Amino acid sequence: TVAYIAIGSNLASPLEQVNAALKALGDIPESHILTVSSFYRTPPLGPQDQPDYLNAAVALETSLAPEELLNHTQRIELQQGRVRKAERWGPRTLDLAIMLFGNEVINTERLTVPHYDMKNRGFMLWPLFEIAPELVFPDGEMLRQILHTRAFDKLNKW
């Protein structure tokens, strides 16, 4: 199954964080990277007392169960010093979001796929569109037509 993973970092040298994340993603068992996007510098969504993000997307072929993939992405976050605090939408060294897991629809306590807010976020959709221009969501919507509808600001390279 092809999983699409969003990468974000705005602490502790985001370029190094994203490169480390890509290396680690490729080392996940029973999985391999298919495609990687460019790196983008994006202004923060949410609180404004935090640095700009590096955002990117990856396509990962995997035979892991989705929750097992999640276990691995969370391990990578922790390896790269991810902490969590009370604030929502706050800064982080590394975040990995499972945007899609094939065409699956998953609604569980630990895991919601497609990612619950991605259709509202240019910083998730644009890097995804770079690597999967033909992508269709489980609900039948085309990524290309969502981007044209919402007309989110285009991104700048990191």
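In this text, residue numbers run from 1 along the sequence as written.
Per the PDB record, of the two stretches 3-11 and 148-156, 148-156 carries the greater mean B-factor over its C-alpha atoms.
With 26-34 and 91-99 compared on mean CA B-factor from the PDB entry, the stretch scoring higher is 26-34. Between the residues 67, 117, 52, 109, it is 109 that shows the highest Cα B-factor in the PDB record.
Among all modelled residues in this chain, the alpha-carbon of residue 125 has a temperature factor (C-alpha) in the lowest third. In the PDB entry, a CA B factor belonging to the highest third of its chain's modelled residues is recorded for residue 132. For residue 45, the recorded CA temperature factor ranks within the highest third of the chain's modelled residues. Among the modelled residues of its chain, residue 72 has a C-alpha B-factor that falls in the lowest third, as given in the PDB entry.
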